[PDB]
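Below, chains carry the letters A, B, ... as their sequence lines are ordered, and counting in each starts from 1. Keep in mind that the numbers below use all heavy atoms, side chains included, and drop hydrogens, waters and symmetry copies.
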Amino acid sequence: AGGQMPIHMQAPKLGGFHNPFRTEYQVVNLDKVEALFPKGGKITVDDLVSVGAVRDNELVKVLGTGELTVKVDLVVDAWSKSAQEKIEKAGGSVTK
Amino acid sequence: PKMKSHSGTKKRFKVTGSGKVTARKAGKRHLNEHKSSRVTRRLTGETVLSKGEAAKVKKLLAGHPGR
RNA sequence: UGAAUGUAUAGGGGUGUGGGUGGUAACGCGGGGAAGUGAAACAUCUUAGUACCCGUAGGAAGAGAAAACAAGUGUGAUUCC
RNA sequence: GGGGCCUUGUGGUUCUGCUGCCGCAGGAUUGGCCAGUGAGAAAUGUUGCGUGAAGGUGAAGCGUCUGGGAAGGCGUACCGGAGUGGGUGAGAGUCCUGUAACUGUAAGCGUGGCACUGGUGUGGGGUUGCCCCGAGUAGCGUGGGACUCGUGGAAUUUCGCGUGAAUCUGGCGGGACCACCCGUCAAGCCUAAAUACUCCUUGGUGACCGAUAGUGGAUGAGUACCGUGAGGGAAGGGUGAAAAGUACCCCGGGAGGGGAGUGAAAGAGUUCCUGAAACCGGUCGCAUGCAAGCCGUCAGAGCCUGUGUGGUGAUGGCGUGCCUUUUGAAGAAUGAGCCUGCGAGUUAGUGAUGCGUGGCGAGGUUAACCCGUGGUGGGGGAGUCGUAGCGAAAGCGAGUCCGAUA
RNA sequence: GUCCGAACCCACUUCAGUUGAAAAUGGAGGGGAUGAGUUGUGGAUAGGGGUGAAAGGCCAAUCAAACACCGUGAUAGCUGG
RNA sequence: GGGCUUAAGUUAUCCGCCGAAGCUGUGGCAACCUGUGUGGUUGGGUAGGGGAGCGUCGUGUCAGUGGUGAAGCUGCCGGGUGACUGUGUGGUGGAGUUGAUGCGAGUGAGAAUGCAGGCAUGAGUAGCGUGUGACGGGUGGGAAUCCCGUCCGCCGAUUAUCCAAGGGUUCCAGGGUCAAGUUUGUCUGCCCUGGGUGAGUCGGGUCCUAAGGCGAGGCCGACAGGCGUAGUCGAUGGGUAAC
RNA sequence: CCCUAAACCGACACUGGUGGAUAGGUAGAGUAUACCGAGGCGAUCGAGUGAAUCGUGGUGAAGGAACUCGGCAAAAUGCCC
RNA sequence: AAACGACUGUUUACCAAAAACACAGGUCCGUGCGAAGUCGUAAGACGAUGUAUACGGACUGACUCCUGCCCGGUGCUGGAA
RNA sequence: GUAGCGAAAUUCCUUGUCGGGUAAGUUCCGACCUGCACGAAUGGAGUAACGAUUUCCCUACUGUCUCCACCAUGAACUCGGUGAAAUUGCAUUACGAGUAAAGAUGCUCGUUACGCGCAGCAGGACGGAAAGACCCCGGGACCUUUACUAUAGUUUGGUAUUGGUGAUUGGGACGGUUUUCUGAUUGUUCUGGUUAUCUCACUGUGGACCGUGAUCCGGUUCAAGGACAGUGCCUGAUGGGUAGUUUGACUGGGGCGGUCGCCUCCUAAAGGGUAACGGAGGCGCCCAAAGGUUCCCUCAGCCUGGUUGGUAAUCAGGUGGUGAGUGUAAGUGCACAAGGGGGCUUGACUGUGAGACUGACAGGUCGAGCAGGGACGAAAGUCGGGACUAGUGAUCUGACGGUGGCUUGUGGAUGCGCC
Ligand SMILES: CON(C)Cc1ccc(O)c2c1C[C@H]1C[C@H]3[C@H](N(C)C)C(O)=C(C(N)=O)C(=O)[C@@]3(O)C(O)=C1C2=O
Ligand SMILES: [Mg+2]
Ligand SMILES: [Mg+2]
Ligand SMILES: [Mg+2]
Ligand SMILES: [Mg+2]
Ligand SMILES: [Mg+2]
Ligand SMILES: [Mg+2]
Ligand SMILES: [Mg+2]
Ligand SMILES: [Mg+2]
Ligand SMILES: [Mg+2]
Ligand SMILES: [Mg+2]
Ligand SMILES: [Mg+2]
Ligand SMILES: [Mg+2]
Ligand SMILES: [Mg+2]
Ligand SMILES: [Mg+2]
Ligand SMILES: [Mg+2]
Ligand SMILES: [Mg+2]
Ligand SMILES: [Mg+2]
Ligand SMILES: [Mg+2]
Ligand SMILES: [Mg+2]
Ligand SMILES: [Mg+2]
Ligand SMILES: [Mg+2]
Ligand SMILES: [Mg+2]
Ligand SMILES: [Mg+2]
Ligand SMILES: [Mg+2]
Ligand SMILES: [Mg+2]
Ligand SMILES: [Mg+2]
Ligand SMILES: [Mg+2]
Ligand SMILES: [Mg+2]
Ligand SMILES: [Mg+2]
Ligand SMILES: [Mg+2]
Ligand SMILES: [Mg+2]
Ligand SMILES: [Mg+2]
Ligand SMILES: [Mg+2]
Ligand SMILES: [Mg+2]
Ligand SMILES: [Mg+2]
Ligand SMILES: [Mg+2]
Ligand SMILES: [Mg+2]
Ligand SMILES: [Mg+2]
Ligand SMILES: [Mg+2]
Ligand SMILES: [Mg+2]
Ligand SMILES: [Mg+2]
Ligand SMILES: [Mg+2]
Ligand SMILES: [Mg+2]
Ligand SMILES: [Mg+2]
Ligand SMILES: [Mg+2]
Ligand SMILES: [Mg+2]
Ligand SMILES: [Mg+2]
Ligand SMILES: [Mg+2]
Ligand SMILES: [Mg+2]
Ligand SMILES: [Mg+2]
Ligand SMILES: [Mg+2]
Ligand SMILES: [Mg+2]
Ligand SMILES: [Mg+2]
Ligand SMILES: [Mg+2]
Ligand SMILES: [Mg+2]
Ligand SMILES: [Mg+2]
Ligand SMILES: [Mg+2]
Ligand SMILES: [Mg+2]
Ligand SMILES: [Mg+2]
Ligand SMILES: [Mg+2]
Ligand SMILES: [Mg+2]
Ligand SMILES: [Mg+2]
Ligand SMILES: [Mg+2]
Ligand SMILES: [Mg+2]
Ligand SMILES: [Mg+2]
Ligand SMILES: [Mg+2]
Ligand SMILES: [Mg+2]
Ligand SMILES: [Mg+2]
Ligand SMILES: [Mg+2]
Ligand SMILES: [Mg+2]
Ligand SMILES: [Mg+2]
Ligand SMILES: [Mg+2]
Ligand SMILES: [Mg+2]
Ligand SMILES: [Mg+2]
Ligand SMILES: [Mg+2]
Ligand SMILES: [Mg+2]
Ligand SMILES: [Mg+2]
Ligand SMILES: [Mg+2]
Ligand SMILES: [Mg+2]
Ligand SMILES: [Mg+2]
Ligand SMILES: [Mg+2]
Ligand SMILES: [Mg+2]
Ligand SMILES: [Mg+2]
Ligand SMILES: [Mg+2]
Ligand SMILES: [Mg+2]
Ligand SMILES: [Mg+2]
Ligand SMILES: [Mg+2]
Ligand SMILES: [Mg+2]
Ligand SMILES: [Mg+2]
Ligand SMILES: [Mg+2]
Ligand SMILES: [Mg+2]
Ligand SMILES: [Mg+2]
Ligand SMILES: [Mg+2]
Ligand SMILES: [Mg+2]
Ligand SMILES: [Mg+2]
Ligand SMILES: [Mg+2]
Ligand SMILES: [Mg+2]
Ligand SMILES: [Mg+2]
Ligand SMILES: [Mg+2]
Ligand SMILES: [Mg+2]
Ligand SMILES: [Mg+2]
Ligand SMILES: [Mg+2]
Ligand SMILES: [Mg+2]
Ligand SMILES: [Mg+2]
Ligand SMILES: [Mg+2]
Ligand SMILES: [Mg+2]
Ligand SMILES: [Mg+2]
Ligand SMILES: [Mg+2]
Ligand SMILES: [Mg+2]
Ligand SMILES: [Mg+2]
Ligand SMILES: [Mg+2]
Ligand SMILES: [Mg+2]
Ligand SMILES: [Mg+2]
Ligand SMILES: [Mg+2]
Ligand SMILES: [Mg+2]
Ligand SMILES: [Mg+2]
Ligand SMILES: [Mg+2]
Ligand SMILES: [Mg+2]
Ligand SMILES: [Mg+2]
Ligand SMILES: [Mg+2]
Ligand SMILES: [Mg+2]
Ligand SMILES: [Mg+2]
Ligand SMILES: [Mg+2]
Ligand SMILES: [Mg+2]
Ligand SMILES: [Mg+2]
Ligand SMILES: [Mg+2]
Ligand SMILES: [Mg+2]
Ligand SMILES: [Mg+2]
Ligand SMILES: [Mg+2]
Ligand SMILES: [Mg+2]
Ligand SMILES: [Mg+2]
Ligand SMILES: [Mg+2]
Ligand SMILES: [Mg+2]
Ligand SMILES: [Mg+2]
Ligand SMILES: [Mg+2]
Ligand SMILES: [Mg+2]
Ligand SMILES: [Mg+2]
Ligand SMILES: [Mg+2]
Ligand SMILES: [Mg+2]
Ligand SMILES: [Mg+2]
Ligand SMILES: [Mg+2]
Ligand SMILES: [Mg+2]
Ligand SMILES: [Mg+2]
Ligand SMILES: [Mg+2]
Ligand SMILES: [Mg+2]
Ligand SMILES: [Mg+2]
Ligand SMILES: [Mg+2]
Ligand SMILES: [Mg+2]
Ligand SMILES: [Mg+2]
Ligand SMILES: [Mg+2]
Ligand SMILES: [Mg+2]
Ligand SMILES: [Mg+2]
Ligand SMILES: [Mg+2]
Ligand SMILES: [Mg+2]
Ligand SMILES: [Mg+2]
Ligand SMILES: [Mg+2]
Ligand SMILES: [Mg+2]
Ligand SMILES: [Mg+2]
Ligand SMILES: [Mg+2]
Ligand SMILES: [Mg+2]
Ligand SMILES: [Mg+2]
Ligand SMILES: [Mg+2]
Ligand SMILES: [Mg+2]
Ligand SMILES: [Mg+2]
């Protein structure tokens, strides 16, 4: 920077740490679930969301931005509270 | 060969979902007694870089997504 | 054969049993090990265990058959990509 | 785990000593599951394969035209498991060498593999009572080194100096350390393959160079030459299809030339293909000895030529080089004597980041490697980017974080 | 380690040379000339080292760290292209 | 500047003209904007940004072409807005190469006190390295510079003679005059061919040791190596038989 | 065969450097110097011409350092008894 | 006649030959011998086949007359509450 | 600062002053002392002899000169032969006064000049030769030292090599004298300091002997040392002997001096901004009140009267609007007071920040409204330090307190993260 203390020295270091064993949840939304299983997907699974798109060999958390007018049984790894509430409101369920 | 990323840039700069470059505010590590609570509030946040500084940081990060 | 000397050894006298000496472009292994350079100076650091050097191979060498990994199941020598 | 302690099992035996006239071991042509020239506790002859080094066979065109010469033109046939090349007086599938295909290899120290010969040879179950399981080692301290780790919370590993253990109810590892759990059994050794390399050998290849390039080196090249020495280190390729390299004559001491011969060409004559520029001259046209010229440019008479456009240019106007570097250069700032040749934005990353363009598209894409000895094609989705963000993180999630479920 | 003075060794002054006859000389003089003299042959000391009656002198015709090769296409915010 | 007051000086005022790549007229080119029949605006330019091209070499493909003459070189006559060019026409030359469309670059030079070669400028100029030569005759294509002779001059503690070191055939005879020789050259220390060096006693070795070198074992040193004993080399010396 | 060099060391057929031996006559102390001997050379571009000028020597009236930074150079002195 | 150096010598090969170096003489410090000192990692070696009248280092520089005051600072030597 | 010496190889002033020498003497040489800034082994003062040393004088002598002339020669010059060199953007390359990068053959205005040679001379072409050797800026090298950081070497102690036995001195174990204890202890064991002994550790040494008929080396032995020394490792000191390097910039060249961040004013041209080694000053604090709030008050000066008492202390009356005052510079403010005084207090808060100001950025500044929990006030309301603007330092690294997010098999620990 010409001898002036450069930005990458004047800015303080963002401290913190990384979790050595952090796992990342592949996330699928209710919009996507409705769009890719419109005929009232009875039992969606990890393999089904993978053949659609979830980037398999990972945990397959489902989130809840959307409407989900159909009844669906997700059977996935973890889910959000709003997603679960919408699913039982529509008449479906989650497992695992 | 692969281009290494700048270590200080990795440790100091973040990239948001919309491509904004943000750093931590400077001047709050010590000598905080004379500083009012208003000054500490101004210095405790997260600052968004200017366009030129953000471009320089993005060049320094060899595609590293920031901390 | 056995000194000083006692044991005996060193040494001495035979015999010729086998091996060695030196060369070699690159690659190997073990060891010694810079500086210019970069850091816009510079000493930590870098360059780099590089250049060079010593010893020493083989057709390849080194490594190699878990006093290993793994993390809750498991994998099952080493080398190389 | 092994030894020990036993319940059994050794290849069918001639029939030897010992332990107890039980059993154990030596024994001997003979089975033999096997196993072998390997690292494997070892290493000694005869017979079965294609071949490398050399070779052998190896297809099929004449006629006309122009030419010094036919491979070219024209006509017309042939071969092809052969139309890859390279030669031949010019551009050849059938002229030559070969090529395709097949074949031979006697020989090798031959080599590889097979048979034989020959040489070498089993365990399972129970059992703690005992016995053994690699010591100046492992650890520890200290001074250094290697590990992402630059002494640190410093594991693991290593060298020097000290100190120095347990040994199965044991040792070591799982990043200080302890416990438990899981793994493992150091301080003895040997091990093919995948990997690295090319002084060499053989064959082949090139949107590689073509004599200032490519090796320093196309030639007496590591030579000439330079240096006491280590060492440094050049330059010089081309007649023609064939020397047919110019007989003989003339001027000349020769050199060289003039005739003549050879040749398609000799102004291809050896200093030899092509023969550029600087540079040096002969001849012809015009101008030029009253003139002050960055040398040009515009105007322009005359002369020459007319191949009716070109050459030259009296005389008038205007006009201070090129480059570099500079606020500013014709500058008395820098560089350039001249020509010819050479001499500086390249290349590599499944690098970073844009754009153009093409493909596919909520998907896109493979890397290594495998197959194609037939390539540029196919496989390979391990990975990787996109698919949700926010937070130091646990985590939560169209939200998240600071905050008091503000 | 006397005196004068050839050879010999030296190098004080001057002139010439200074694209020289010569990358240090020539002409004219000048100092030493039995001494710490001079010279031949062979040998010894080697680069952060040598040797030096000491000038940083000399070490193969440029020495405040020789030469050659190598690291190496060192680096140069500078100059040129 | 000439010259000017008889203004061609100063000043007020009036009427004309000259005068630029400015403006206008006319012809061509180009960029951009605009509704897209029109038209409008614009086009000096260094550093620098963007866009579109020329030429060279290699190469895929197609079309070809070439001894009835390719490349290169060199005239003339033409062409394009530029790099450049003609499918015009000769000359030289003797084996390749053109157009279209892609692909790949060792792709363009006037400068670097750039590198290599060739060649100018200074210039027929400076110099030709201490000096004494003259003449008669000869040789020869050619003579101041070769040979012979006669005069003359020079050196003479060296311009003589012989060794060592070093050089290496230069020595001798014959043939030669491209090069070399600071000129000429018939001449040469040059070139070519052939020839020439004879030792029991001379100088070295076969004998000896000095300085110093190397060094069986050995001692020392991580390695590499250092030193050194016994020894063994090493003249510049000792020893050694001819004039 | 050259060898106080045209043959060696200096890039040269280079007014430089190069160790040792022999070394006569006359004048002289002398191996200085002059002219000669033994012997060897005439030197490796010449021919001319009274230019300035530069180099190298020579002479000088009267004066005698007035020159000049300075008696620089030259002159004088010089040998033997 | 003055300055400098006592003297003969030595020195910047290639701009300085001197008043600079050396010198004989002087003083101080070290060294009892496997010396101190020096070269070397070491062994060894020089010193020296020497032994304090010797050796090494430092300064001074023939000779004559002399060489004053200061131990606070620094160094050296000795001492150790 | 003595002897001695002194305008000196030292004396700046300076050609000091006087004396000698010359017709004339900044030099000379003899004196003076006013020694800018002599001085006693970095020796002081002298000194016969010596010197291609430096300086002055006399004599002789001369072309050194007045003042040059002449002679001969090697070049020069002409003819024949042979035949370079540095240099070179160019060329048909005048002068004058101008002009221009401020010194022109080349530009302007004029003047002069037929074309070409030969021998000469050096005023110019900022002539040629050497990318200035001075200066500055960047880099390097070597040198120095009480620069920094290291190191060879030298030195200290520990420990290993390294053992035997003693005394002489301190700390416990340990019981059982004292008196668990202010004070004494002894014996039984253990452990330091110091010191002397002993000797097939070791010393590379003095003698002898052997390997051998060897000044190396080794072995045996004697003598002398002796657990010391030596060496390894660890450790403190020393260490320009050696090595790598650092040693700022600004600047009317550099050095010296001064300056470097922040605040106020002027320059600054009536917004903001605006440079100089321009002109003036301040800051690196202070205050638990000099902060918050509420209520109250008005100053300085002047005039008159008054014990001590004066120009001016305290008091009275009159006058007096800002001229006093403001913790601290200056400006802008403040008398409605932001100036003076009393009461009660801790908002010198926690979570925040709509919206703006100002910088290239880092950053700097203001801030309404809200919640929590407070202070003051009857309330309205005000309070996130101070009338305002200086009183300050990014990041890294480390530290303390809190928190408990993470922790490499698990649980701890440890480490880290957050505040
Ligand atoms: C008295 O002031 N005058 C005017 C100067 C001067 C006078 C007379 C001289 O005789 C010399 C000099 C200058 C020096 C310069 C020296 C320099 N060097 C020492 C770094 C240098 O750079 C070179 C060079 N080769 O470039 C030399 O020539 C050099 O060494 C040398 O010799 C010099 C001389 O001769
Ligand atoms: Mg800074
Ligand atoms: Mg903190
Ligand atoms: Mg705070
Ligand atoms: Mg071998
Ligand atoms: Mg370094
Ligand atoms: Mg650096
Ligand atoms: Mg740098
Ligand atoms: Mg192996
Ligand atoms: Mg296995
Ligand atoms: Mg055939
Ligand atoms: Mg035909
Ligand atoms: Mg074991
Ligand atoms: Mg361990
Ligand atoms: Mg350690
Ligand atoms: Mg490390
Ligand atoms: Mg450890
Ligand atoms: Mg763990
Ligand atoms: Mg192995
Ligand atoms: Mg070549
Ligand atoms: Mg060619
Ligand atoms: Mg060539
Ligand atoms: Mg040679
Ligand atoms: Mg023909
Ligand atoms: Mg021709
Ligand atoms: Mg030719
Ligand atoms: Mg030709
Ligand atoms: Mg005329
Ligand atoms: Mg004119
Ligand atoms: Mg300038
Ligand atoms: Mg110029
Ligand atoms: Mg000029
Ligand atoms: Mg310049
Ligand atoms: Mg030039
Ligand atoms: Mg050029
Ligand atoms: Mg996957
Ligand atoms: Mg004498
Ligand atoms: Mg001599
Ligand atoms: Mg001299
Ligand atoms: Mg001269
Ligand atoms: Mg004398
Ligand atoms: Mg020698
Ligand atoms: Mg000096
Ligand atoms: Mg030299
Ligand atoms: Mg150096
Ligand atoms: Mg390197
Ligand atoms: Mg460079
Ligand atoms: Mg320049
Ligand atoms: Mg016009
Ligand atoms: Mg116009
Ligand atoms: Mg117009
Ligand atoms: Mg334009
Ligand atoms: Mg225009
Ligand atoms: Mg441009
Ligand atoms: Mg044809
Ligand atoms: Mg071509
Ligand atoms: Mg093409
Ligand atoms: Mg090029
Ligand atoms: Mg060119
Ligand atoms: Mg050239
Ligand atoms: Mg010429
Ligand atoms: Mg002439
Ligand atoms: Mg001339
Ligand atoms: Mg001439
Ligand atoms: Mg001449
Ligand atoms: Mg002559
Ligand atoms: Mg002659
Ligand atoms: Mg004759
Ligand atoms: Mg004579
Ligand atoms: Mg005589
Ligand atoms: Mg011979
Ligand atoms: Mg011959
Ligand atoms: Mg010869
Ligand atoms: Mg001869
Ligand atoms: Mg000739
Ligand atoms: Mg002849
Ligand atoms: Mg002859
Ligand atoms: Mg013998
Ligand atoms: Mg000897
Ligand atoms: Mg040996
Ligand atoms: Mg002998
Ligand atoms: Mg001998
Ligand atoms: Mg002779
Ligand atoms: Mg000679
Ligand atoms: Mg020679
Ligand atoms: Mg006589
Ligand atoms: Mg004589
Ligand atoms: Mg004679
Ligand atoms: Mg002779
Ligand atoms: Mg000659
Ligand atoms: Mg004449
Ligand atoms: Mg005379
Ligand atoms: Mg006369
Ligand atoms: Mg006279
Ligand atoms: Mg007279
Ligand atoms: Mg007189
Ligand atoms: Mg005078
Ligand atoms: Mg005068
Ligand atoms: Mg004189
Ligand atoms: Mg005389
Ligand atoms: Mg005196
Ligand atoms: Mg004096
Ligand atoms: Mg003297
Ligand atoms: Mg003396
Ligand atoms: Mg002398
Ligand atoms: Mg000498
Ligand atoms: Mg000299
Ligand atoms: Mg002495
Ligand atoms: Mg010693
Ligand atoms: Mg000795
Ligand atoms: Mg002295
Ligand atoms: Mg004292
Ligand atoms: Mg003292
Ligand atoms: Mg002391
Ligand atoms: Mg005076
Ligand atoms: Mg004075
Ligand atoms: Mg006087
Ligand atoms: Mg004294
Ligand atoms: Mg003193
Ligand atoms: Mg003094
Ligand atoms: Mg003295
Ligand atoms: Mg004295
Ligand atoms: Mg005297
Ligand atoms: Mg002298
Ligand atoms: Mg006189
Ligand atoms: Mg002449
Ligand atoms: Mg001539
Ligand atoms: Mg002017
Ligand atoms: Mg003028
Ligand atoms: Mg003019
Ligand atoms: Mg002109
Ligand atoms: Mg002339
Ligand atoms: Mg002339
Ligand atoms: Mg001139
Ligand atoms: Mg000049
Ligand atoms: Mg310069
Ligand atoms: Mg220089
Ligand atoms: Mg110079
Ligand atoms: Mg430096
Ligand atoms: Mg140097
Ligand atoms: Mg010690
Ligand atoms: Mg000890
Ligand atoms: Mg004792
Ligand atoms: Mg004893
Ligand atoms: Mg004793
Ligand atoms: Mg130093
Ligand atoms: Mg230093
Ligand atoms: Mg460095
Ligand atoms: Mg600086
Ligand atoms: Mg500066
Ligand atoms: Mg200044
Ligand atoms: Mg303003
Ligand atoms: Mg304004
Ligand atoms: Mg400004
Ligand atoms: Mg108040
Ligand atoms: Mg506070
Ligand atoms: Mg806001
Ligand atoms: Mg502020
Ligand atoms: Mg509130
Ligand atoms: Mg209340
Ligand atoms: Mg206040
Ligand atoms: Mg207040
Ligand atoms: Mg830092
Ligand atoms: Mg793990
Ligand atoms: Mg907080």
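For A:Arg55, the listed nucleotide lying nearest its side chain is D:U387; candidates were I:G351, D:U387, D:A392. Between D:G397, D:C390, I:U350, one nucleotide has an atom nearer to the side chain of A:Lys81 than all others, and that is D:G397. The side chain of B:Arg42 sits closest to I:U365 out of I:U408, D:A394, I:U365. With I:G367, I:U395, D:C396 as the choices, the nucleotide that has an atom nearest any side-chain atom of B:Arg38 turns out to be I:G367. Checking I:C349, I:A394, I:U397 against the side-chain heavy atoms of A:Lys13 singles out I:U397 as nearest. Counting only heavy atoms from C-beta on, A:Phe21 has its side chain closest to I:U408 among I:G363, I:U408, D:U387. Listed nucleotides D:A362, I:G384, D:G349 differ in distance to B:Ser36; the shortest reach to its side chain belongs to I:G384.
Judged by ring-centre distance under 5.5 Å and interplanar angle under 30°, strand neighbours H:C65 and H:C66 are stacked. Under the 5.5 Å and 30° stacking definition, the step from D:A292 to D:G293 does not qualify as stacked. In this step of the strand, F:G79 stacks on F:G80, since the centres of their six-membered base rings are under 5.5 Å apart and the ring planes meet at under 30°.
The bases D:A352 and D:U309 are not paired as Watson-Crick or G-U wobble with both atom distances under 3.5 Å. By the Watson-Crick or G-U wobble test, with both distances required under 3.5 Å, I:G74 and G:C54 count as a base pair. Nucleotides F:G133 and F:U24 fail the pairing criterion: they make neither a Watson-Crick nor a G-U wobble pair with both donor-acceptor distances under 3.5 Å. Base-pair annotation: I:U382 with I:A375 meets the Watson-Crick or G-U wobble criterion (two N/O distances, each under 3.5 Å). With the cut-off at 3.5 Å for both distances, H:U10 forms a Watson-Crick or G-U wobble pair with H:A20. Between I:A413 and I:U352, the two key atom distances do not both fall under 3.5 Å in a Watson-Crick or G-U wobble layout, so no such pair is counted. Between G:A47 and I:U78, a Watson-Crick or G-U wobble pair is formed, both defining distances falling under 3.5 Å.
I:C137: no Watson-Crick or G-U partner with both key distances under 3.5 Å is found in any strand. Figure legend. F:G104 is base-paired to F:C57; pairs are counted as Watson-Crick or G-U wobble with both atom distances under 3.5 Å. Nucleotide E:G37: unpaired (no Watson-Crick or G-U wobble partner with both distances less than 3.5 Å).
Rounded to whole angstrom, the span from the CG atom of B:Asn32 across to the P atom of I:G393 amounts to 9 Å. Taking atom NZ of residue B:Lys14 and atom P of nucleotide D:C390, one finds them 8 Å apart after rounding to whole Å. In this structure, CE of A:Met5 is placed 9 Å from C1' of I:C396, rounded to the nearest angstrom.
At the heavy-atom level, A:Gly52 lies under 4.0 Å from the strands shown only through sugar-phosphate atoms. Counting non-hydrogen atoms under 4.0 angstrom, B:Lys11 reaches nothing in the nucleic acid. Using a 4.0 Å heavy-atom cutoff across all strands shown, A:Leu63 reaches at least one base atom of the nucleic acid. Within 4.0 Å of B:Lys56, counting heavy atoms only, lies no atom of the nucleic acid at all.
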Secondary-structure string, 5' to 3', Watson-Crick or G-U under 3.5 Å, | for another-strand partners, for RNA chain C: (.........)...............((((((.....(......)......))))).).........((....))......
